[PDB]
Protein chains: 2
Amino acid sequence: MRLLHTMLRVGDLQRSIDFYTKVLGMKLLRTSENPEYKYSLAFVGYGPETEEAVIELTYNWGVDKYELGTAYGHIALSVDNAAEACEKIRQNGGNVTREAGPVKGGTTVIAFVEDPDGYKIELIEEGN
Amino acid sequence: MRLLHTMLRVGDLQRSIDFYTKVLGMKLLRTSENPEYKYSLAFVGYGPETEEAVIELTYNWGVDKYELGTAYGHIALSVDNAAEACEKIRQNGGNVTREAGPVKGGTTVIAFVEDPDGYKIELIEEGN
Ligand code: NI
Ligand code: NI
């Protein structure tokens with residue numbers, strides 16, 4: 001068994017695709033529409049769904065906002081360069097909630113940011 | 001770059017750990033506790049953190065309930081036997097919201113369940 005994906009509802013599909021791919025470096029793997037139930041999907045990721053976990057973005061026609069709640073935490077991604085991502089993210093209008101820097105008591109560089117819908121993302125700069 | 005984990009706040013750590021490991025077949029990869037911030041964590045997954053995406057279960061001391069909200073969707077996992085999985089889940093702390101079966105106009109078998117805290121999980125099956 002394997003973990004396939006994490007699905008998040010977004011208020012604007014393209015805005016989200018633009019962010020994940022252009023700002024975070026993922027690729028748009030596939031997209032679909034469901035006319036019957038009025039929603040669209042997009043899968044974004046760093047590699048093929050067959051080999052690894054990705055993100056499923058769901059856009060319900062006409063719905064631009066959701067209630068985030070207090071349960072869901074975040075998604076953590078390995079980042080090539082934390083500082084730069086924060087910069088890209090910021091200048092790209094986003095919010096950096098935790099500037100890049102070594103984590104408390106450790107050495108690993110991490111940062112926290114928010115996507116366009118306010119979801120939190122943890123960036124961690126990390127057989128063979 | 002890769003997806004590292006998805007973090008979910010849980011009302012009872014062991015309760016969550018038992019569900020993901022005993023019912024879903026994941027393994028407990030690591031744990032930690034932090035007095036400053038008052039929480040404990042458990043990482044569960046089908047492979048080590050360096051090979052796969054996993055789940056970060058967060059238990060905030062003395063907090064046993066959160067607001068799920070309407071934004072967060074689910075986590076999808078592959079399974080060998082959706083029907084069997086559903087049964088195991090419904091009988092061990094979970095709930096089945098969508099019985100195993102093919103998707104309209106498809107043949108791929110899927111189901112939707114809820115874990116002990118209400119989080120949705122999508123089960124995707126991989127001549128009887
Ligand atoms: Ni995390
Ligand atoms: Ni899904």
Side-chain angles (χ1 to χ4, degrees), chain A residues 1-8 20 24-26 43-49 51-57 68-80 82 85 97-98 100 103-104 106-115 117 119-127, chain B residues 1-11 13-21 23-34 37 39-60 66 68 71-78 115-117 119-124:
Chain A
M1 305 166 265
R2 60 194 193 104
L3 193 167
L4 303 173
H5 63 256
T6 304
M7 185 287 259
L8 298 181
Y20 286 96
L24 306 169
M26 308 188 167
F43 288 74
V44 299
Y46 290 117
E49 285 181 89
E51 301 163 11
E52 63 193 74
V54 310
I55 300 179
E56 175 180 10
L57 307 168
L68 185 54
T70 61
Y72 175 68
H74 60 252
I75 280 172
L77 309 169
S78 59
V79 60
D80 283 329
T97 51
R98 185 201 192 266
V103 66
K104 188 161 204 167
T107 34
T108 303
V109 185
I110 64 153
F112 276 82
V113 309
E114 273 175 14
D115 82 359
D117 294 281
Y119 285 112
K120 312 296 190 46
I121 298 174
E122 181 178 12
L123 305 169
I124 307 183
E125 177 196 288
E126 352 179 287
Chain B
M1 293 178 286
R2 64 206 180 98
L3 263 93
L4 292 181
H5 60 255
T6 301
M7 190 276 258
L8 307 175
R9 296 178 187 89
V10 299
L13 200 56
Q14 189 67 40
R15 176 174 69 189
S16 295
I17 293 169
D18 288 342
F19 184 85
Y20 290 95
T21 54
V23 185
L24 297 172
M26 295 191 173
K27 295 287 181 86
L28 174 67
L29 310 165
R30 80 174 160 105
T31 63
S32 62
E33 59 88 21
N34 185 296
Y37 307 107
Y39 66 86
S40 311
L41 303 182
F43 293 78
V44 297
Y46 300 105
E49 295 174 88
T50 52
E51 299 186 4
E52 314 283 349
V54 306
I55 299 183
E56 180 184 2
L57 306 173
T58 300
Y59 168 73
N60 283 289
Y66 294 92
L68 187 45
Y72 175 67
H74 54 263
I75 282 174
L77 316 171
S78 69
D115 81 354
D117 291 280
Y119 291 114
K120 283 281 178 40
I121 301 176
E122 181 181 12
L123 310 171
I124 301 179

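Lettering follows sequence order; numbering is per chain, from 1. Values below: all heavy atoms of this structure, side chains included; hydrogens, waters and symmetry mates excluded.
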side-chain hydrogen bond (donor to acceptor under 3.5 Å, both in side chains) with A:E126: which residues, sequence neighbours excluded?
B:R2
Partners of B:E49 by salt bridge (charged side-chain N to carboxylate O under 4.0 Å, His left out), sequence neighbours excluded?
B:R30
Heavy-atom closest contact (B:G47 atom, B:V54 atom, distance)
O-CG1, 3.7 Å
Spacing of A:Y20 atom OH and A:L77 atom CG [to the nearest 0.5 Å]:
7.5 Å
Run the numbers on B:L24 and B:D115 for side chain to side chain contact (heavy atoms under 4.5 Å, CB included), then give the verdict.
CA-CA 10 Å; B:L24 297 172; B:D115 81 354; over 6 Å; no
Please report the C-alpha distance between A:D117 and A:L8 in whole Å, then the side-chain angles of each, then the deciding distance to 0.1 Å, and finally whether the side chain to side chain contact (heavy atoms under 4.5 Å, CB included) criterion is met.
CA-CA 10 Å; A:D117 294 281; A:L8 298 181; over 6 Å; no
So, using side chain to side chain contact (heavy atoms under 4.5 Å, CB included) as the criterion, who are the partners of A:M7 when residues are at least two apart?
A:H5, A:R9, A:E56, A:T58, B:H74
Side chain of B:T21, backbone of B:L28: donor and acceptor closer than 3.5 Å?
no
Considering all heavy atoms of both residues, which atom of A:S78 and which atom of B:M1 are nearest to each other, and what is their separation?
OG-CA, 3.3 Å
When rounded to the nearest 0.5 Å, the distance separating OH of B:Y72 from CD1 of A:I75 is 8.0 Å
Which residues pass the side chain to side chain contact (heavy atoms under 4.5 Å, CB included) test with B:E52, not counting sequence neighbours?
none
Quick check for you: to the nearest 0.5 Å, what is the distance between A:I110 atom CD1 and A:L123 atom CG?
9.0 Å
My understanding is that only one of B:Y46, B:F19, B:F43 makes a side-chain contact (heavy atoms from CB on, under 4.5 Å) with B:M26; could you say which?
B:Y46
Which distance, rounded to the nearest 0.5 Å, do you find between the CD1 of B:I17 and the CG of B:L57?
6.5 Å
Test side chain to side chain contact (heavy atoms under 4.5 Å, CB included) applied to A:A71 - qualifying residues, sequence neighbours left out:
B:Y66, B:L68, B:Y119
For B:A76 against B:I124, the heavy-atom pair lying closest together
CB-CD1, 4.2 Å
Here the gap from B:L41 atom CG to B:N60 atom CG, rounded to the nearest 0.5 Å, amounts to 9.0 Å
Within this structure, what is the CD1-CG distance for the pair B:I55 and B:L4, rounded to the nearest 0.5 Å?
13.5 Å
Any residue meeting side-chain hydrogen bond (donor to acceptor under 3.5 Å, both in side chains) with A:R98, in chain and number order, not counting sequence neighbours:
none
For B:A53 and B:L3, the nearest pair of non-hydrogen atoms, with its separation, is CB-O, 3.6 Å
Give me the atom names and distance for the closest heavy-atom approach of B:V44 to B:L29.
C-CD1, 3.8 Å
